[PDB]
Structures are given as structure tokens and as C-alpha cells.
Amino acid sequence: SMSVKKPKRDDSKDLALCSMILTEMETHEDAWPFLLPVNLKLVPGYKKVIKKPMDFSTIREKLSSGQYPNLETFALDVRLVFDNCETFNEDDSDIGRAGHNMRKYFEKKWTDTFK
């Protein structure tokens, strides 16, 4: 509350570390469904169904341009990528599986880096 603060968690490396995580996600072999925005002209249904499209290139631009106020907003966009993927793809598809794998991979890096 006013003039009463919890001790200051050092957040000065968060930017760099989210960048590193993002790089590792970008370079994973199962990243391919997620590298670019889904083409909303060419994928029937996507536009109407997926209210908040997200992909790694868009996360990378937001990161590079100071559009994440903190590391939680960054993690929310990453997760959104996988949540969207699950909404639109069968678990038993290559993309569906990619998404489960990438999420698992992300969450581990996240925990190891920050928790």
C-alpha cells in the first residue's frame, strides 16, 4: 500500500531473457505453424473464430518496440499463440501436436528462467 513496498525484484534482465526464450522458440523445429500471422484471407474460419490472432513474429516486433510492459504480458501473448492453436486445430494433427510441444517447451524455459 502507500509507502509500504515488497522488496524490489530485479527485472532489469527480463527484456533480454524474454528475447532469448523467444529466439529458442523461433528456432525450434516445430515452430513453423507459429512463425508468421495466419493468412486471414486464405484460411476460412480463422478471422471469425480467433478473436486475437498471435504469432512469434508479431511477439518479436512487440518485444523489440517496447510494447510489453512487463514479462507477464509477454507470457500472455506466447500462451495466446498456443491457445489459439488448440481452438482451431485437432490435437491429432501435425499443427495440433506442434502446439502442444511448443507450449511444453515454452513453459519449461519460463519456469527455469524466472521461477
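Values computed for the structure shown
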| read-out | value |
| --- | --- |
| Using alpha-carbon coordinates, inclination of helix 71-88 to the longest axis of the chain, degrees | 20 |
| For a label point 7 Å along the Cα-to-beta-carbon line of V49, residues of the range 84-115 with backbone N under 20 Å | 84-103 |
| Cα shape, the chain, gyration tensor, a/c 1.5 rule | prolate |
| Karplus-derived 3J(HN,Hα), 6.51/-1.76/1.60, for each residue of the range 32-44, Hz, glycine and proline x | 4, x, 10, 5, 10, x, 4, 7, 6, 7, 9, 10, x |
| Order of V4, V49 - criterion: other Cβ atoms within 10 Å of each residue's Cβ, fewest first | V4, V49 |
| In degrees, nearest ten, helix 94-114 long axis to first principal axis of the chain (Cα) | 10 |
| Additional length obtainable on full extension of the chain from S19 to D83, 0.36 nm per residue less Cα span | 21.0 nm |
| For the range 1-59: rounded, prolate or oblate by the Cα gyration tensor [a/c cutoff 1.5] | oblate |
| Two-site FRET efficiency, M2 against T111, from Cβ-Cβ distance with R₀ of 30 Å, rounded to 0.05 | 0.35 |
| Per-residue Cβ neighbour rank within 10 angstrom, fewest leading, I50, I21 | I50, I21 |
| Listed residue pairs exceeding 20 Å between alpha carbons, taken from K8/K115; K51/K104; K5/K109 | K51/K104; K5/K109 |
| Order of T23, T111 - criterion: other Cβ atoms within 10 Å of each residue's Cβ, fewest first | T111, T23 |
| Sites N101 and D11 - FRET efficiency at Förster radius 25 Å, r taken between beta-carbons, to 0.05 | 0.30 |
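Quick note: the coordinates plus some simple rules give every number you see, no bench work behind them. Here the Cβ is made from the backbone with ideal geometry for all residues, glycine too, and neighbour counts use every protein chain on show.
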